[PDB]
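Here the protein sequences come in this chain order: A and B. FYI, UniProt numbering numbers position 52 of the first sequence as 55, with every residue one higher than the one before it. FYI, UniProt numbering numbers position 260 of the second sequence as 263, with every residue one higher than the one before it. One structure is given below, encoded as structure tokens.
Number of protein chains: 2
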Amino acid sequence: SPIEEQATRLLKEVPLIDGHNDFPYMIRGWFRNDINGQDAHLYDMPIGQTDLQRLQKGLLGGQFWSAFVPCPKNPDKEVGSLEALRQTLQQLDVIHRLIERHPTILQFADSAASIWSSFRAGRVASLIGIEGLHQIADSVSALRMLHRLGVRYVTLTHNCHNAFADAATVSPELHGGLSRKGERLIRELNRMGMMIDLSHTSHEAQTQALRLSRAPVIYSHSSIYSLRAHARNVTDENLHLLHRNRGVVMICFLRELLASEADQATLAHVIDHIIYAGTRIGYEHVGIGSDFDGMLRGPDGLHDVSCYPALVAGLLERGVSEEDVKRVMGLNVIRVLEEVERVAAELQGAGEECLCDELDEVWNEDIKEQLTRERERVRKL
Amino acid sequence: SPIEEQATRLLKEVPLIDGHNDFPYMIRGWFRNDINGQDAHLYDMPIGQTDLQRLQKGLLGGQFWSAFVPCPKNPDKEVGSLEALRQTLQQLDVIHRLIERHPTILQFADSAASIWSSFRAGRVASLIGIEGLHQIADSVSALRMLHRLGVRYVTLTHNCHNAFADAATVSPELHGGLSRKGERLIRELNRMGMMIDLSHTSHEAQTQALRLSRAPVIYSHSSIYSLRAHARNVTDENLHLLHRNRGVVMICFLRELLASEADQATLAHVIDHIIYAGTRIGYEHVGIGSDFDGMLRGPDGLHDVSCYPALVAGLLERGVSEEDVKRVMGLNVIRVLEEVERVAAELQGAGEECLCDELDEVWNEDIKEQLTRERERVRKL
Ligand SMILES: [Cl-]
Ligand SMILES: [Cl-]
Ligand SMILES: [Cl-]
Ligand SMILES: [Cl-]
Ligand SMILES: [Fe+3]
Ligand SMILES: [Fe+3]
Ligand SMILES: [Fe+3]
Ligand SMILES: [Fe+3]
């Protein structure tokens with residue numbers, strides 16, 4: 004078919020960059036992050052919607068791999084919070100080892116230039132994001148070290164309220180959007196060059212974050228509220244504020260977010276959602292955010308990572324222009340990452356002060372007096 | 004004086020690379036890692052043996068900055084261990100922010116080439132080490148992420164026993180050297196290219212580590228047992244095994260480790276210790292490991308980081324050759340770091356398997372059966 008030829012050409016010209024895939028958590032579930040002598044299975048998985056053969060088959064140009072850990076359940080809240088931090092480092096570790104063990108297929112990327120260079124070399128540009136601020140254990144220092152390990156977006160919440168923001172699917176509300184900590188964290192995320200992700204957050208938290216942020220944000224895996232009413236989907240109000248923000252809504256393949264009866268969800272519904280957003284806030288503010296391996300089953304025609312050429316062909320069949328399809332595929336999320344990094348560079352260049360953690364006093368006045376007395380003795384020498 | 008001229012020339016020709024300085028912990032003690040608008044104080048500190056003016060004055064070529072946190076004290080052992088991990092990320096964060104805020108003085112280095120390029124540019128080569136395996140919270144994944152954040156050596160213990168090895172100053176003994184975990188960790192440290200540090204560890208743990216390690220190790224801040232008997236100092240047995248290992252003993256300025264009465268300790272004693280080691284196991288296996296800011300007061304003539312030219316002049320005055328003084332200054336620790344990284348590259352190139360953490364099962368058999376059934380349904384499509 005001419006359109007299947009056309010779709011194949013587009014996937015080779017520009018990278019399709021998917022906003023969210025939980026394949027690293029499947030590796031934790033199935034292998035317990037032990038991939039030594041498991042290439043046969045990593046290429047052909049006995050579970051899930053992602054493996055390295057099907058990843059090549061679907062012609063995916065890049066991927067934000069999710070370093071998700073569950074919301075802490077432990078009765079003792081300090082343990083659970085600190086446990087989530089250790090589990091995050093385990094998930095970042097297995098993502099890096101997955102990329103390093105398969106350098107013909109996957110190449111690490113943390114920027115627009117690194118995405119392109121990976122795509123020129125014929126590899127999947129492998130970026131990283133964390134799904135929730137519960138993962139940092141209330142530590143902005145830890146968050147900067149996660150950025151240093153290659154994390155390029157942070158979902159403000161998952162399916163639990165944290166000290167910074169409200170999740171969508173939990174009632175009652177705790178902060179009613181963002182807390183004062185949350186607001187102050189928006190400035191720090193903009194300063195460090197961390198891309199803000201508004202998936203899983205409440206409608207009020209989205210509205211506040213979109214007004215406050217000095218850099219463009221994303222929805223790594225969310226759909227449209229008007230087509231299908233759900234707490235996880237984006238309202239027409241927040242879609243317009245996303246336009247002012249210059250952000251991108253990366254459309255989700257979650258069946259619950261596409262249709263009222265989950266088993267009726269299809270590829271055509273995903274295309275309806277992309278076109279709705281593209282019509283109302285322009286095709287330069289829409290993306291693709293599958294959420295593959297964050298679900299058991301996908302929509303009809305989007306069952307796994309091999310199905311991306313059908314999505315590209317489907318968009319072209321509906322009269323979306325080549326140039327707009329290239330934007331939806333990946334050019335838009337590349338622009339947001341580039342603008343997030345430009346805003347961070349110009350804020351850092353202006354000498355903006357970084358957010359610091361609240362630390363305990365390690366020394367009492369006796370120890371501090373010994374230290375000052377010792378210093379003055381050295382000054383006399 | 005001609006020898007002071009000579010000492011100044013050597014410090015400009017090759018970098019003096021100090022093995023251990025706890026200045027990042029002083030920043031935690033004094034500022035609580037909040038250095039915003041504190042340059043006046045960072046250049047001229049009201050406490051401690053290190054600031055940025057005196058660092059320039061002493062002509063130090065490089066420094067392994069310590070990312071030490073205390074041994075966990077909390078009754079609940081899971082909390083204390085996980086707390087130490089979060090505090091480690093806080094200390095790595097402030098070290099990176101210290102370097103990034105003062106790029107004229109400090110430049111980050113993690114290799115031989117990066118040390119030299121920093122030194123050619125006229126900056127202190129800023130490397131990182133952690134003082135104890137309590138800091139990783141029993142997580143090899145976390146340890147690899149610490150390596151990724153720029154940590155290039157790990158002291159196996161501080162002043163507490165951990166799951167991997169015995170500290171020197173704690174009795175009774177727990178493992179009697181290294182545990183089985185400890186032995187297995189030696190292979191992983193060699194594979195990843197992490198430099199093993201044997202300061203603070205027991206004599207038996209040193210003997211076992213020196214025999215087991217496939218790469219050269221260091222003592223980041225230890226002295227000589229024969230000159231001054233102390234659990235922290237290196238025995239003649241372990242000095243010989245360090246020679247076979249191709250490692251380096253970086254001599255400590257701790258007064259307790261140099262003399263029986265601490266107040267009698269001097270610069271001359273530090274030179275006695277360097278010459279003792281250099282005479283018996285060669286000058287290519289000796290270094291300088293001040294431990295500045297790990298003590299209240301230093302030896303006479305080595306009161307702070309400005310005193311390194313007196314140490315270089317003192318070594319030349321005692322008939323140690325220029326070439327051997329250059330070795331003791333930094334060429335030796337550069338060689339060990341280069342050999343550690345060469346061993347890691349050749350082990351990684353041979354496809355050696357990495358050590359993995361023991362993880363909990365996240366899925367039961369019901370969830371795993373749903374996943375395999377779902378996969379087979381997709382195979383039929
Ligand atoms: Cl609208
Ligand atoms: Cl704390
Ligand atoms: Cl000997
Ligand atoms: Cl675990
Ligand atoms: Fe997810
Ligand atoms: Fe999700
Ligand atoms: Fe120390
Ligand atoms: Fe120490």
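Backbone N, C-alpha and C fix where the C-beta goes; we use that ideal spot for every residue, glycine too.
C74/B beta carbon less than 8 Å from that of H161/B: With respect to the 8 Å criterion, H161/B and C74/B are classified as neighbours on the basis of their beta carbons.
Around ligand 5, Cβ to any heavy atom closer than 5 Å, ordered along the chain: Listed by position in the chain, the residues whose beta carbon lies within less than 5 Å of some heavy atom of ligand 5 are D25/A, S69/A, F71/A, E134/A, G297/A.
Assuming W33/A is part of the alpha helix (DSSP H), what are its boundary residues? Note, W33/A: alpha helix (DSSP H), 26-33.
For a contact defined as C-beta to C-beta under 8 Å, what are the partners of residue 1/B on chain A? The question about residue 1/B has no answer here: the residues shown for chain B are numbered 4 through 384.
With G132/A as the anchor, note down where its beta strand (DSSP E) starts and where it stops. For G132/A, the enclosing beta strand (DSSP E) begins and ends at 127-134.
Could you tell me whether any Cβ in chain B is nearer than 8 Å to the Cβ of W68/A? Not an interface residue.
By DSSP, does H23/B sit in helix, in strand, or in coil? For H23/B, the three-state secondary structure derived from DSSP is strand.
My assumption, with CB atoms under 8 Å, is that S205/B sits in contact with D169/B. Please give the rounded CB distance. Correct: roughly 4 Å between the Cβ atoms.
At a CB distance below 8 Å, what residues from the segment 347-360 of chain A approach chain B? Give them in sequence order. The segment 347-360 of chain A vs chain B, Cβ under 8 Å: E356, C357, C359, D360.
Closer than 7 Å, Cβ to any Cβ of chain B: which residues of the segment 126-145 of chain A, in chain order? Sequence-ordered contacts of the segment 126-145 of chain A with chain B read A140, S142, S144, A145 [C-beta pairs closer than 7 Å].
For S121/B, collect the residues of the same chain with a Cβ closer than 6 Å to its Cβ; drop the 5 residues on either side in sequence, then sort them by chain order. Excluding sequence neighbours, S121/B sits near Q110, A112, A128.
Which residues, taken in chain order from the segment 35-52 of chain A, show a beta carbon closer than 9 Å to some beta carbon of chain C? Absent from the structure: chain C. Protein chains present are A and B.
Would you report the Cα separation of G61/B and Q59/A, rounded to the nearest angstrom? Approximately 57 Å between the Cα atoms of the pair.
Report, in whole angstroms, the separation of the C-beta atoms of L340/A and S114/A, which I expect to be a contact under 8 Å. Yes, they are in contact, since the Cβ atoms of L340/A and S114/A sit about 7 Å apart, within 8 Å.
Using only the heavy atoms of ligand 3, determine whether one of them is closer than 7 Å to the beta carbon of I284/B. Taking the Cβ of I284/B as the reference point, at least one heavy atom of ligand 3 falls within a distance shorter than 7 Å.
Going along the chain, which residues of its own chain have a beta-carbon closer than 7 Å to the beta-carbon of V346/B, five neighbours each way excluded? Contacts found: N193, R217, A218.
Quick one: what does DSSP say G290/A is sitting in, helix, strand or coil? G290/A: strand per DSSP, three-state reduction.
Cutoff 8 Å: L201/B Cβ touching any chain A Cβ: By this cut-off, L201/B is not an interface position.
Enumerate in chain order the residues of its own chain whose CB-to-CB distance from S142/A is below 8 Å, with the five nearest sequence positions on each side excluded. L88, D360.
Which of the three DSSP states, helix, strand or coil, is assigned to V323/A? Residue state, collapsed to three classes: coil.
Does any CB atom of chain A fall closer than 8 Å to the CB of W119/B? Judged by the 8 Å Cβ criterion, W119/B is not in contact with chain A.
Report the partner residues of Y228/B according to the DSSP bridge assignment. Answer is none; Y228/B lacks a bridge partner.
Can you tell me which of the three DSSP states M298/A falls into? Looking at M298/A - three-state DSSP - the assignment turns out to be coil, as it is neither helix nor strand.
With a threshold of 7 Å on Cβ separation, who are the neighbours of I6/A within its own chain once the five nearest residues in sequence on each side are excluded? The residues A316, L319, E320, in chain order, have a CB closer than 7 Å to that of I6/A in the same chain once the five nearest residues on each side in sequence are set aside.
Three-state class that DSSP yields for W366/B in the structure shown: In this structure, DSSP gives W366/B a state outside helix and strand, which the three-state scheme calls coil.
Are the C-beta of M148/A and some C-beta of chain B separated by less than 8 Å? Interface criterion met: the Cβ of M148/A is under 8 Å from a Cβ in chain B.
Using beta-carbon positions only, say whether residue 393/A and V331/A come within less than 8 Å of one another. For residue 393/A there is no data in the structure shown, the boundaries of chain A being 4 and 384.
Are the C-beta of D307/B and some C-beta of chain A separated by less than 8 Å? Output row for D307/B: interface = yes.
Helix, strand or coil: which one does DSSP assign to residue 387/A? Residue 387/A lies beyond the range of chain A shown here (4 to 384); nothing can be said about it.
Distance CB(residue 389/B)-CB(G292/B) smaller than 8 Å: The requested residue 389/B is not part of the displayed model; chain B covers only 4 to 384.
Beta-carbon neighbours of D96/B, restricted to chain A and to distances below 7 Å: Those within 7 Å of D96/B in chain A are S144, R147, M148.
Going by beta carbon distance, what residues of the same chain come within less than 6 Å of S202/A, once the five residues before and after it are set aside? The residues are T158, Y222, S223, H224, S225.
Outcome for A116/A when other beta-carbon atoms lying within 10 angstroms are tallied against a minimum of 16: Around the CB of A116/A, fewer than 16 other CB atoms lie within 10 Å, so the residue is classed as exposed.
Note down, one range per segment and in chain order, each beta strand (DSSP E) of at least 3 residues found wholly within the segment 48-92 of chain A. The qualifying runs are 65-69.
Let me know the secondary structure DSSP gives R249/A once reduced to three states. DSSP places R249/A in the coil class of the three-state scheme, outside both helix and strand.
Best match in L213/B, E207/B, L242/B for proximity to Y228/B [C-alpha to C-alpha]: Taking each of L213/B, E207/B, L242/B in turn and checking the Cα distance to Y228/B, the smallest one comes out for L242/B.
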